[PDB]
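FYI the Cβ positions are ideal-geometry reconstructions off the backbone, even for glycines, and counts take in every protein chain you see. Any read-out appearing in this document is the output of simple, stated calculations on the displayed coordinates, not a laboratory observation.
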Ligand SMILES: Nc1ncnc2c1ncn2[C@@H]1O[C@H](COP(=O)(O)OP(=O)(O)OP(=O)(O)O)[C@@H](O)[C@H]1O
Ligand SMILES: Nc1ncnc2c1ncn2[C@@H]1O[C@H](COP(=O)(O)OP(=O)(O)OP(=O)(O)O)[C@@H](O)[C@H]1O
Ligand code: CFM
Ligand code: CLF
Ligand code: SF4
Ligand SMILES: [Ca+2]
Ligand SMILES: [Mg+2]
Ligand SMILES: [Mg+2]
């Protein structure tokens, strides 16, 4: 059972890209779980169908202590028998969400959530701001990491900045960058652009994802594109991303680049 | 001396919109300061001309303790006599940046960085993830907040999500929402969609900012659009945003909308 | 013993990997009786090297431990998790009068007892309900000092605001004191944070209130945490010299007593490391001169008894002499009784930021020459007061570590040593007489005249006790 | 004043009229203290039933705990493994407290180190100090092992101890083969007892998880003994004595005894005794593992039963009479060795003291508190002796626990008059001894104040404090006694009967008043 952690610069496309990838994975008859390590609590909203259900941290607040919670309360079945859970967290400007992520993953691990025959466990991590948000990539958490990026100067600065922090957990641990996933700038010189960075990093660009508004038609209609419009152009695209991932065996240790070489790229 | 914080969803346009606004504010012969409350450390890079200078938390580590630092080491003059300081921060997955924001802000205040002769102190705050990132809006910090947004479902969910976390510091304190700043995300109804949400919120749409590529030219070249191409179309736009801000008197207490009224908007 | 300490020091440091090696080598240097800066001789107040057995504390030990804890008519809330609070309950021996639980709350421990969720969701909301429960369950509480802990510092909670709201609401003074452990290099910051914390929320509230009468003698004892009664053992002399002791800061202190410091004629400071900061704001804002004194032993107290006198009129001076004459026979009696037993016995010390230099005089009188000292959180300006009180070619340490200290003790071979609880055992095992200095080893007052008496007797019961001769078994 | 040949210390000195005068002038002069009238009033108030409900309705403030944080319970666990170094990742003042605290109780040296995480640490994470700290400490105090712990500071900033450790290895600071177990020890979670679990289990893994493939259940035919957070050396010793006099093979995983009791003979010993790694390494080859205090070793059991595949016994803490025969019987069931006639005698000798002392102990109502295993233990034995365990408080206890204790009380009639209390602090018990007054209290030194407060009310209301548990600072060398099994039960009993006998001698020693009941023999 592989567990992969999906990272990226907030607002480039982690959750959709994920829920859709697992939605596709679910289509392939796979036992998957989506751990939502983001205070926003939308990591599962597209597979379960709603704003969001009762989260771990929010729930554990009710019982007084997290140790009082039961995996039955947070873990819920959604589309294609995909299991979901949310790490929960505070509100803008109060508390430590980096903690919830920890509390939540510990709980899942602790309550033997990795107990049933799961084939894939996807951690949809938000911003990699501090120590807690690195939780997914220790030992026993996720081994494969799929950084999301785009053709923007800052979207890559991140993909770069992210993989940089990974080398700490990657050297000492076993977690590794499996590849970048691109959610484009329309394909206008980007189809190959990211591939450049993927190399200077030492990883591959697993798959390129289009800017198809079918994602908004699904997003606003509270579902994935794979359930929403099964044959839409980007429905297969997401099926591709899913298929490539499954067969992907390229897991490397990231080689960060410098601002200078970074900007050098775009510059050319 | 007014102090405004600028918030928004990672990846919509805080730093450029801020630096350009103060760039324009400098053009107007104003004494302005930019406090970089973000770990990435690019809040000043366009006004100062490089990747980034020596930050507070990074510098203070050299002196062993923050109490050993001198405002002279972090504060550097930039374009149009604009002062710039960075809070500093750890790398992805390690440490606590929400703390740097604090240590860095307390420092500037401690070392009398305000007991200067400024007219505008802009706080470029990154993700509002936890408590320390709420620093720029207590008592004695910022009183005006300008949430940046775009015509995307997820960009508004944040503009709304942000103002929600504001009402907490707004009710108990004096901070208020001055108005939304639309930095183009290319929709069709960018003009009205936002204005609409601006009303359901109880604020105004201070200004609308074009999707001009002069900013990639400025961005990749290591500078603002105001110093790069002074007469470029969007150079006056950013001047507009700055001017409107200066004269702006509208500071209200937000009134979040619900998912249902939200999606109702777009659907309209 | 001239080049010795150097062949001793770099031999001890010899074990230290190069990172720590260079560093420590500068914290311990030979003392020349005449240099007036330690920036050439030794360094202090820097970060402690990892994994080394330090005794240094944190900013918390300084604000809730030394400074606030002591205010008997207030309720100091340990804000943060459970450990801290329950590790310092009655640890310090700063004595006081009153009805604990009813009127006073010092040997007591109030904590917000942070749980998993408090940390996640952050908690000022818990702090407000908690500032509420005290007012109801502890009516006679006269203010609340909220001592923060590490978590509060990271989670970034506005404990500063709440204290304004609840308090401005409950009509009671609340001190949003920030003493996060991760702050500072030692406990020191806690002091500086405390001092200021005082001048902000407590000190300046009786500013336009003159229902008080400043007598040309009114004073306040600042920096006497009254460990064991030292504050009373000193408040007695001043008053018997005619001065009017108005305030005592931390050590049976009253929140109000702290509030009357501004209207005094002179601030007497025994702890130049803890209340030195405040004693300046005390003078630049209010304009109230302050001085440093020492009440350890006859010759120090006697001397000081006169310094604090000259700052007044001759009237008090002749009165002062009467006090000195009174105790002259008593302390003389002590020396003639004990000095014979302590004579020539040398002693080795290691304390915080005052006693390290301040006890030597109390020793000179007993004839126990001091051949080594050190501080765990002092600054150069604290060593600047030391070099003189010391002999030449004496070894000094700063933030000394187990290996560092233990090796000096093993080589210099002292008859008596004085440090804290963490160290009291390691040497008692080496058959070296140890006498706690921090807690006075639960003994009586040492400051002043009556105090000196017990001291001179406490060194004797321990140093010359029979136990020591019984360490190595006969058959060996 | 002080006279040379009769030096008055802290208490006689301030009693002198000269000093009393002083304090009065301070009080009436600058304290702005309330008049005794209302002070007495507010007191009179707190000591009531009205105040109690207010007290218990409490939900945010805590007054005088009965627990400590986790890192403290970790350090003690570590002290147990031979030549290891309690290493705490985080602040330095924490360990400075952890140490100072363990001193006052055992009153011997307490070695433990810390990576002094300064302000920058919180802001940039704590990598170097962990890296260097492991090197410096390992270089200076020369351990064989270092078990990393963590203060609040690392938990929030979520430093990955694991990664942090391994980098230092690869980065070349410490021999890659150097044993360095670890365990996140969130002081803001559970309690000190919990730290002991996390810390222990951590180690139980470091030496087994990887090597599980070649170990056979019961290869050395021995019995593992996991103590848990235990501070009475007498208990470590007594448990070893019994198994040992049974001819039972065993291994005490986590054994402080030598190290916390190093003879003062001139040579300082930073380490002594302890459980060998080679011993912890071989653990799985035993017949079965025994957990003396399951209620705070719940994470250990999960591992032992899970990874080692040990059929862990459902035993309670070996306290009192019944829970001891059960402990021994089960050991007899496993080791193969029978219960020695030796131990059987001991038992009968204990039952002898019971029949012999039963009169005085019968019906004595007590109030008590401590750790979950202790209280559950003590309470039990109290029913055996025939005393009413009126108020039972356990500040760090839980629901599953509480209701296991209630049931133990449901069995005997001497237990039908007692209530359990979890998540309730000392200040709550101050009330319970006032509204429904005991005879005595059985706790730590912290119960010295609940005692005082009862006296101020009225001598006929004072509740004497019998010190059993942890801490015990106001007394000397109690740390050497035993509270487990027969041996440690002979003591508990004597300590009460004579605790009672003493009071009766004090209550009744008034000449021509109460001295008539001053029986020479009892
Ligand atoms: N294929 C796509 N083309 C264009 N826009 C897309 C596509 N997929 C997703 N989006 C848009 O991206 C926005 C954010 O997507 P998503 O919810 O995945 O965010 P995210 O950045 O991963 O969130 P977080 O960082 O908070 O986990 C939504 O407005 C969504 O419609
Ligand atoms: N309307 C616009 N005008 C100028 N640049 C734009 C616009 N829309 C998008 N961009 C480009 O997108 C990127 C986002 O700009 P910026 O540097 O402000 O980042 P950001 O995501 O707002 O920063 P942060 O999230 O760290 O606060 C830049 O590359 C910018 O030039
Ligand atoms: S170790 Fe005093 S600067 Fe401070 S608790 Fe003791 S040598 Fe402190 S004199 Fe004082 S009353 Fe003390 S003895 Fe300055 S207050 S942080 Mo440990
Ligand atoms: S420096 Fe958290 S409960 Fe408190 S002892 Fe800690 S592990 Fe335990 Fe100083 S302010 Fe307090 S003692 Fe900061 S945390 Fe230590
Ligand atoms: S930056 Fe991270 S570790 Fe720090 S308070 Fe915020 S969420 Fe927590
Ligand atoms: Ca001892
Ligand atoms: Mg998402
Ligand atoms: Mg920015």
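The table below lists the values:
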quantity: Extent along principal axes [Cα atoms of segment A:64-151; Å; largest to smallest]; calculated: 37, 34, 27
quantity: Helix-only [θ]222 nm of chain C, DSSP H runs n ≥ 4, -39500 (n - 2.57) each, per residue, nearest 500; calculated: -11500 deg cm²/dmol
quantity: Relative pair counts by distance (%), Cα atoms of chain B, 5 Å bins; calculated: 1, 6, 14, 18, 20, 17, 13, 7, 3, 1, 0, 0
quantity: Choice from B:176, B:45, B:189 showing the highest fluctuation, given a GNM over chain B with Cα pairs closer than 10 Å; calculated: B:189
quantity: Segment A:56-141: relative contact order as a whole-number percent, Cα under 8 Å and 6+ apart; calculated: 23 percent
quantity: Other copies of residue A:199: label-to-label distances in nm, shortest first, labels 7 Å along the beta-carbon direction; calculated: 5.4
quantity: Cβ neighbours within 10 Å from other chains - mean over C:448-456; calculated: 4
quantity: Dimensionless Rg ratio for segment D:32-162, taking C-alpha atoms and the 2.2 N^0.38 Å reference; calculated: 1.51
quantity: Using alpha-carbon coordinates, inclination of helix D:372-385 to the longest axis of chain D, degrees; calculated: 50 degrees
quantity: Angle in degrees between helix A:233-247 and the longest Cα principal axis of chain A, rounded to the nearest 10; calculated: 80 degrees
quantity: Segment A:110-166 versus segment D:239-296: alpha-carbon centroid distance in Å; calculated: 42 Å
quantity: Residue order, fewest to most surrounding Cβ atoms within 10 angstrom, among C:278, D:165, B:220; calculated: B:220, D:165, C:278
quantity: Residue mean of other protein chain beta carbons inside 10 Å, D:13-24; calculated: 4
quantity: Taking N as its residue count, the alpha carbon Rg of segment D:281-402 over 2.2 N^0.38 Å; calculated: 1.24
quantity: Highest-MSF residue in chain A out of A:240, A:61, A:170 [GNM, Cα springs under 10 Å]; calculated: A:61
quantity: Sequence-separation-based contact order of chain D, relative, with Cα cut under 8 Å and 6+ spacing, percent; calculated: 15 percent
quantity: Descending semi-axes in whole angstrom, ellipsoid equivalent of segment A:20-76, from the Cα gyration tensor; calculated: 24, 13, 8
quantity: Cα-based helix-to-principal-axis angle, B:14-27 vs chain B, degrees rounded to 10; calculated: 70 degrees
quantity: Neighbour-count order for D:308, C:249, C:201, fewest beta carbons within 10 angstrom listed first; calculated: C:201, D:308, C:249
quantity: Alpha-carbon gyration tensor eigenvalues x 5, square-rooted, for segment D:215-319, Å; calculated: 25, 16, 13
quantity: Computed helical MRE - 222 nm, chain D, DSSP H runs ≥ 4 contributing -39500 (n - 2.57), nearest 500; calculated: -14000 deg cm²/dmol
quantity: Residues D:196, C:468, D:323 arranged by fewest to most Cβ contacts within 10 Å; calculated: C:468, D:323, D:196
quantity: For a label point 7 Å along the Cα-to-beta-carbon line of residue D:475, residues of segment D:420-463 with backbone N under 15 Å; calculated: D:440-449, D:451
quantity: Taking the C-alpha atoms of segment C:202-316, convex hull volume expressed per residue in Å³; calculated: 98 Å³
quantity: Burial ranking of peptide ranges B:99-108, D:434-443, A:47-56, D:2-11 (average Cβ count within 10 Å, highest at the top); calculated: B:99-108, D:434-443, A:47-56, D:2-11
quantity: Debye intensity ratio I(q)/I(0), log10, the protein assembly as shown, q values 0.04, 0.05, 0.07, 0.08 Å⁻¹ (C-alpha model); calculated: -0.28, -0.43, -0.86, -1.11
quantity: Fluctuation leader among A:156, A:28, A:57 - chain A, Gaussian network, Cα springs under 10 angstrom; calculated: A:28
quantity: Sorted peptide list for B:80-92, C:451-463, criterion being average Cβ within 10 angstrom, highest first; calculated: B:80-92, C:451-463
quantity: For chain C: Kirkwood Rh in Å [reciprocal of mean 1/r, alpha carbons]; calculated: 23.6 Å
quantity: Antiparallel DSSP beta bridges within the protein assembly as shown, percent to nearest 5; calculated: 10 percent
quantity: Peptide C:424-434 - average C-beta neighbours from other chains (10 Å radius); calculated: 4
quantity: Diffusion constant of segment D:364-469 at 25 °C, which comes from Stokes-Einstein with the Kirkwood Cα-pair radius and 0.890 mPa s, µm²/s; calculated: 182 µm²/s
quantity: Normalised contact order of chain C, rounded percent, pairs of Cα under 8 Å and 6 or more residues apart; calculated: 19 percent
quantity: Cα-Cα separations in chain D greater than 38 Å, expressed as whole percent; calculated: 35 percent
quantity: Estimated FRET transfer efficiency when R0 is 30 angstrom, pair residue B:114-residue B:189 (beta carbons, to 0.05); calculated: 0.15
quantity: Teacher prompt: residue A:70 distances to equivalent labels in other copies, 7 Å Cα→Cβ, nm; calculated: 6.5
